[PDB]
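Before any comments, here is the structure.
In what follows, chains carry the letters A, B, and so on, assigned in the order in which the sequence lines appear, proteins first and then strands, with residues in each chain numbered from 1. Every heavy atom of this structure was used, including side-chain atoms; hydrogens, water molecules and symmetry mates were not.
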Amino acid sequence: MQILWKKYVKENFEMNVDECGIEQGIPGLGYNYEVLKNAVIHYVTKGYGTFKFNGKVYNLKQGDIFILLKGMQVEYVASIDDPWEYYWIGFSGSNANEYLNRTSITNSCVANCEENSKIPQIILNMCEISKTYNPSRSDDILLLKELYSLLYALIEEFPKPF
Amino acid sequence: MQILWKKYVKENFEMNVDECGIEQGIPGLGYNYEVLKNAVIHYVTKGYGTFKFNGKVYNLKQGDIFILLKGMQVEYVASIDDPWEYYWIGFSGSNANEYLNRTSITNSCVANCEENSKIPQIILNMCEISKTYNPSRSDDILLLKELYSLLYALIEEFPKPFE
Ligand SMILES: OC[C@H]1O[C@@H](O[C@H]2[C@H](O)[C@@H](O)[C@H](O)O[C@@H]2CO)[C@H](O)[C@@H](O)[C@H]1O
Ligand SMILES: OC[C@H]1O[C@@H](O[C@H]2[C@H](O)[C@@H](O)[C@H](O)O[C@@H]2CO)[C@H](O)[C@@H](O)[C@H]1O
Ligand SMILES: [Cl-]
Ligand SMILES: [Hg+2]
Ligand SMILES: [Hg+2]
Ligand SMILES: [Hg+2]
Ligand SMILES: [Hg+2]
Ligand SMILES: [Hg+2]
Ligand SMILES: [Hg+2]
Ligand SMILES: [Hg+2]
Ligand SMILES: [Hg+2]
Ligand SMILES: [Hg+2]
């Protein structure tokens, strides 16, 4: 089960950080469900797993990304021999959804980032903020700044044609 | 008329970049008016000028910041001898105003940043983006990222005492 799962209030409608999490997968455990949340990006930090959507089964490993979007019927499962760990960021809002439409990643909902990608670092930085989250110290501003950085980095690394 | 004056559409209501500008003052000249815009932060990059608000007269120079807020009756004028250049960023939105009210400088509306302040660099970066603004290249995302960075840096350097 998950070592970290932070849920935030839905207070913003243009851009909102909904949740984040870290899960070390267990062999023989996966999830099979219709996505209820707006958008959830997963980054694979260790091991191996499968992501299945619309009859396509992807074998993913460290460096891979998969994104869940509202209404998708998905199945994602840790490998038996070497189960993955993933980090995730769930987010919503009218700006978020417009920016997701500017990246090719929402075509297949899977990507592989380069070893020098800013995407992993932003997700990890957002998770660190989540651990000691304090809006009185304006951690709410920092999280939203990082979410804008994350969506910019997805468009930069996985652009749609101009 | 100005080195830069980019005006943006009011498309966001929580956080919006309204405008960006760079102006080289003409000696002895400036502006005297009631502020109509939501919030406009100015950073003095060169020279000297005067900012007058609510019976106070500030003699500002490079490193100084002044902020214009809706309803303020202001006058700001370049010095006769060595007229200032300033950069500005106008912004609006419900969350923008909440964040601005976590700073100590919404009454005085004038500050001096430390020489290692992130504030000057963010404003400069926003002006550079504004010069070749292209939403097709997602410059709109970059400007909002920088506005969050700017409000975070203002709160870090000018924190309202929290209880
Ligand atoms: O949201 C990412 C998170 O999803 C969990 O699965 C949940 C999902 O969050 C929830 O909306 C739905 O009702 O039930 C699912 C459990 O079946 C995963 O457990 C977690 O690892 C992340 O992938
Ligand atoms: O907004 C900062 C910008 O203000 C200009 O002054 C304008 C102002 O923007 C406008 O709202 C008002 O109706 O007219 C003013 C001119 O009287 C300054 O010219 C410019 O240098 C910036 O300070
Ligand atoms: Cl100020
Ligand atoms: Hg897809
Ligand atoms: Hg990667
Ligand atoms: Hg987070
Ligand atoms: Hg995270
Ligand atoms: Hg997290
Ligand atoms: Hg700008
Ligand atoms: Hg003021
Ligand atoms: Hg300064
Ligand atoms: Hg600017």
So if you build clusters from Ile, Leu, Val, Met, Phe, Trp, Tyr with side-chain heavy-atom gaps below 4.5 Å, do A:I65 and A:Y48 land together? no
So which heavy atom on B:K145 is nearest to which on A:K145, and how close? O-CG, 3.6 Å
Look at the side-chain heavy atoms of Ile, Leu, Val, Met, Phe, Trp and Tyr, link any pair under 4.5 Å apart, and say whether A:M1 and A:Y87 land in one connected group. no
Around atom NZ of A:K10, are there more than 12 heavy atoms from other residues, nucleotides or ligands closer than 6.0 Å? yes
Do B:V17 and B:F13 belong together in a cluster built from hydrophobic side chains that touch within less than 4.5 Å? no
Does anything in residues 128-152 of chain B pair up under ring-ring contact (aromatic ring centres under 6.0 Å, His included), and if so which pairs, sequence neighbours excluded? A:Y148-B:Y148, B:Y8-B:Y133
Is the number of heavy atoms from other residues, nucleotides or ligands within 6.0 Å of CD (A:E114) greater than 12? no
I'd like to know whether CD of A:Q121 has more than 12 heavy-atom contacts from other residues, nucleotides or ligands below 6.0 angstrom. no
Over all heavy atoms of both residues, which pair between B:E14 and A:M15 is shortest? Give the atoms and the distance, please. OE1-N, 4.1 Å
Does one hydrophobic cluster hold both A:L124 and A:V40, with members joined at side-chain heavy-atom distances below 4.5 Å? yes
Distance check, rounded to the nearest 0.5 Å: B:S138 atom OG versus A:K160 atom NZ? 11.5 Å
Find out if a path of hydrophobic residues (ILVMFWY) with successive side-chain heavy-atom gaps under 4.5 Å connects A:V44 to A:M126. yes
Would one find more than 12 heavy atoms of other residues, nucleotides or ligands at under 6.0 Å from atom NZ of B:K61? no
Quick one: which of A:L147, A:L151, A:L142 has the most heavy-atom pairs under 4.5 Å with chain B, could you say? A:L142
Are the side chains of A:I141 and B:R102 in contact, using a 4.5 Å heavy-atom criterion? yes
Counting only heavy atoms from other residues, nucleotides and ligands, does the tally under 6.0 Å from NZ of A:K118 exceed 12? no
Restricting to pairs with a member in residues 95-117 of chain A, which pass ring-ring contact (aromatic ring centres under 6.0 Å, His included), not counting sequence neighbours? none
Check this for me: B:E115, atom CD, are more than 12 non-hydrogen atoms of other residues, nucleotides or ligands nearer than 6.0 Å? no
Side chain, backbone, both or neither of A:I155 within contact of chain B (heavy atoms, under 4.5 Å): side chain
Can you check whether anything in residues 23-37 of chain A gets within less than 4.5 Å of chain B, heavy-atom wise, and list it by number? none
Would you give the length of the straight line joining atom CG of A:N95 to atom CG of B:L144, rounded to the nearest 0.5 angstrom? 6.5 Å
Any residues in residues 73-85 of chain A near chain B, with a heavy-atom distance under 4.5 Å, and which are they? none
